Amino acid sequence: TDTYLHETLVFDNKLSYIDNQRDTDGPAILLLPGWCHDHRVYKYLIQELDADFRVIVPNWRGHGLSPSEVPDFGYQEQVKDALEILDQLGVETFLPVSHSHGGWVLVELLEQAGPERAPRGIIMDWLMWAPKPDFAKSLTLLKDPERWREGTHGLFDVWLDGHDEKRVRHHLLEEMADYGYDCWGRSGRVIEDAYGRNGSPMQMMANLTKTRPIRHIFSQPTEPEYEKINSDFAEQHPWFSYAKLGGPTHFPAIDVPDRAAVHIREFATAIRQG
């Protein structure tokens, strides 16, 4: 898998990124990570899509195999960083797919790149409603330099949802181990600011200048109340759809990769018929 790992200079910063350079018909699949983890979250999903698609996975600033402290930024910078990589690689049309709060990047990426470049988007397991007390409390903890690690552990609890999932545990306890408070504090502040200023992902997506097909595929929250906001938003908006995947954890890219692929392929094939 470290064949496709590349590094390049983006404005000030050196950013690492996956690229299989696969020469084939568009669109590119742009796999966007969330906060405080990297391309490794997508290693099983990359396997599913490798042969048939060109797959690109940009790591954010201070994210990668060797995490490093960097000056503050947010999702607007993540967008620019992603587009700069897309230019350097000479990629035109792409299908973005986000994990959790990489969705803020995805929904602003849709806005700036526009529907001819990015005609559709898949968001994975991303809390559609404005923060409930439990999650709100987590972000509070995350921002606190005294309790940030206690904060991440509270998330790992929720995310694993009482499951001894071998692969997702490896991601959280080994592949996210190196990420310190510079990331986690930053993610807390940006995410909280993202809800407050855009209201919610649903608000943000509905407020697009050019609305277009988006699908929300998720495995949690598992409650009937959460499906309902998803189906109510679906009723109300022709372009919105969703799929409940019934996988164990917060990371469908890892534990039900075959299923995540199936919805990406559907969208890719839909784009390929203009």
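So that there is no doubt, residue numbering starts at 1 and follows the sequence shown.
Q: Would you determine, from the values in the PDB entry, which of 72-80 and 155-163 has the greater average C-alpha temperature factor?
A: Comparing averages over the C-alpha atoms only gives 72-80.
Q: Please rank the C-alpha B-factors of the chain's modelled residues and tell me whether residue 120 sits in the lowest, middle or highest third.
A: It falls in the middle third of the chain.
Q: Could you say whether, by C-alpha temperature factor, residue 222 belongs to the lowest, middle or highest third of its chain?
A: For residue 222, the deposited C-alpha B-factor lands in the middle third.
Q: For residue 198, does the deposited CA B-factor place it in the lowest, middle or highest third of the chain?
A: As the PDB entry reports it, the C-alpha B-factor of residue 198 lands in the middle third of its chain.
Q: So where's residue 114 on the chain's Cα temperature factor ranking, which third?
A: Highest third, going by the recorded CA B-factors of the chain.
Q: Using the B-factors in the PDB entry, rank residue 235's C-alpha atom against the chain and give the third, lowest, middle or highest.
A: Highest third.
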